[PDB]
Amino acid sequence: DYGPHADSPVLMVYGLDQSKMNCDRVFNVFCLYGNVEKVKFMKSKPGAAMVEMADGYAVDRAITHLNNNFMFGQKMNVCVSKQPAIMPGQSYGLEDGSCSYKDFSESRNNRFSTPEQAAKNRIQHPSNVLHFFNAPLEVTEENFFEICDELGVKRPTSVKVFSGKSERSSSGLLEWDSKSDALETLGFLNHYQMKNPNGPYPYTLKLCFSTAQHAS
Numbered sequence: 371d372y373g374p375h376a377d378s379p380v381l382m383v384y385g386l387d388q389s390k391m392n393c394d395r396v397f398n399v400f401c402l403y404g405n406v407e408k409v410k411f412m413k414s415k416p417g418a419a420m421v422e423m424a425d426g427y428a429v430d431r432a433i434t435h436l437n438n439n440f441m442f443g444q445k446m447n448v449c450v451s452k453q454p455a456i457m458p459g460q461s462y463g464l465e466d467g468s469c470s471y472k473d474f475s476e477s478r479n480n481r482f483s484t485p486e487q488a489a490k491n492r493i494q495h496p497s498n499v500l501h502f503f504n505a506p507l508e509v510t511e512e513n514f515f516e517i518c519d520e521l522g523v524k525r526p527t528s529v530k531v532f533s534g535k536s537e538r539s540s541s542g543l544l545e546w547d548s549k550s551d552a553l554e555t556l557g558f559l560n561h562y563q564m565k566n567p568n569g570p571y572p573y574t575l576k577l578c579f580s581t582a583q584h585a586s
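Given below as structure tokens:
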């Protein structure tokens with residue numbers, strides 16, 4: 371095991387904004403510590419929500435190191451709750467085109483989405499270096515620069531890319547470190563769609579923290 375542990379599988383957050391922080395950005399910032407279960411916005415506020423995860427060891431990780439950090443200049447308010455799960459209610463579309471409620475328990479894109487794989491993998495605090503996977507075999511550092519240009523986020527200081535044989539995909543590392551620049555890029559570059567106009571081919575790639583000493 372690593373670090374302390376939470377007392378609940380659920381948490382709550384305020385001060386966010388539905389135009390740059392919603393169910394997809396909270397999934398991109400909390401899922402790299404354990405698979406998320408479901409999320410909902412609460413009391414009809416554009417700046418209040420609640421989240422649940424598959425285990426409390428992932429809730430503890432965002433509580434111990436993601437706490438009081440924000441992305442896109444928002445003021446930080448976050449706490450843990452004693453509720454057993456996210457509760458049902460009415461839902462509607464946000465201005466970002468996503469729903470006020472979402473689920474992620476059906477995801478298989480993580481090495482901890484099942485208790486048999488979560489027993490051969492670990493969760494750890496940030497390592498000032500990131501890693502990416504499941505990208506197409508045609509991606510390069512120049513493609514990461516032209517996507518960060520449409521997201522307005524900061525570009526990495528170094529890049530590492532490698533394509534697998536007969537796997538038709540690419541994986542690698544990215545190296546840069548700042549609080550607001552690494553958290554904004556994580557929330558908008560994770561699970562993101564390429565510059566293609568009709569999406570005739572997939573490009574969605576995952577992001578997470580990895581223990582590295584260089585981008586090679």
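Convert by adding 370 to the 1-based position in the sequence shown; the result is the number in the entry's author numbering.
By construction, the Cβ of each residue, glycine as well, lies at the ideal position given by its N, Cα and C atoms.
1. Are there three or more Cβ pairs, one per stretch, closer than 8 Å when the segment 479–492 is compared with the segment 524–543?
2. Could you check what DSSP says for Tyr562 in three-state terms: helix, strand or coil?
3. Would you call the CB atoms of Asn560 and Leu543 closer than 9 Å?
4. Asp430: buried (16+ other C-beta within 10 angstroms of its C-beta) or exposed?
5. Is the Cβ-Cβ distance between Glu554 and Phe474 less than 9 Å?
6. Does the contact criterion of 3 or more C-beta pairs under 8 Å hold for the segment 515–525 versus the segment 488–496?
7. In chain order, what residues of the same chain have a beta carbon less than 6 Å from the beta carbon of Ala418, not counting five sequence neighbours either side?
8. Taking 9 Å as the threshold (C-beta atoms), are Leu507 and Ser539 in contact?
9. Report the rounded CA-to-CA distance for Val421 versus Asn392, giving the unit in angstroms.
10. Nearest-angstrom Cα distance between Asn447 and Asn437?
11. Per DSSP, what kind of secondary structure is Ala418 in: helix, strand or coil?
12. Compare the C-alpha of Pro458 against each of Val409, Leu575, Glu476, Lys445 and name the closest.
13. Short of 7 Å in beta carbon distance, which residues of its chain neighbour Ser389, apart from the five on each side in sequence? Order them along the chain.
14. So residue 369 packs on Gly404, CB below 8 Å; how close in whole Å?
15. In chain order, which continuous runs of the beta strand (DSSP E) of length 3 or greater are located wholly inside the segment 406–476?
16. Is the beta carbon of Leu381 sitting closer than 9 Å to the one on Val450?
17. Beta-carbon within less than 7 Å of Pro454's beta-carbon, same chain only, minus the 5 sequence neighbours each way: which residues are those?
Result, derived from the coordinates:
1. Counting Cβ pairs under 8 Å, fewer than three are found: no touch.
2. The residue labelled residue 562 in the question sits at position 192 within the sequence shown. When secondary structure is reduced to three states using DSSP, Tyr562 falls in the coil class, being assigned neither helix nor strand.
3. Residue numbering aside, residue 560 sits at position 190 when the sequence shown is read from its first letter. Residue numbering aside, residue 543 sits at position 173 when the sequence shown is read from its first letter. Contact: no.
4. Working through the sequence shown from its first residue, we reach residue 430 at position 60. It is buried - the Cβ of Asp430 has at least 16 other Cβ atoms within 10 Å.
5. The count along the sequence shown starts at 1 and reaches residue 554 at position 184. The count along the sequence shown starts at 1 and reaches residue 474 at position 104. No, the pair does not count as a contact, with Cβ atoms beyond the cut-off.
6. No, they do not touch.
7. As a position in the sequence shown, residue 418 is number 48, starting the count at 1. Excluding positions up to five away in sequence, the list reads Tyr384, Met412.
8. Translated into the one-based positions of the sequence shown, residue 539 becomes position 169. Translated into the one-based positions of the sequence shown, residue 507 becomes position 137. Going by C-beta atoms, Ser539 is nearer than 9 Å to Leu507.
9. Counting from 1 along the sequence shown, the entry for residue 421 is found at position 51. Counting from 1 along the sequence shown, the entry for residue 392 is found at position 22. Their Cα atoms are separated by approximately 11 Å.
10. The residue labelled residue 447 in the question sits at position 77 within the sequence shown. The residue labelled residue 437 in the question sits at position 67 within the sequence shown. Between the alpha carbons of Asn447 and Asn437 lies a distance of about 8 Å.
11. Position 48 of the sequence shown, counted from the start, is the residue given in the question as residue 418. Of the three classes helix, strand and coil, the one that applies to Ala418 here is strand, per DSSP.
12. By one-based count along the sequence shown, residue 458 stands at place 88. Minimum Cα distance to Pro458 is reached at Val409.
13. In the sequence shown, the residue the question calls residue 389 occupies position 19. Taken in chain order, the residues that qualify are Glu465, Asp466.
14. Here the chain comprises residues numbered 371 to 586, so residue 369 is not present and cannot be evaluated.
15. You should have 406–411, 418–423, 447–450, 471–473.
16. Numbered from its first residue, the sequence shown carries residue 381 at position 11. Numbered from its first residue, the sequence shown carries residue 450 at position 80. Taking 9 Å as the Cβ cut-off, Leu381 and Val450 qualify as a contacting pair.
17. Taking the first residue of the sequence shown as position 1, residue 454 is located at position 84. Cβ within range, chain order: n/a, list empty.
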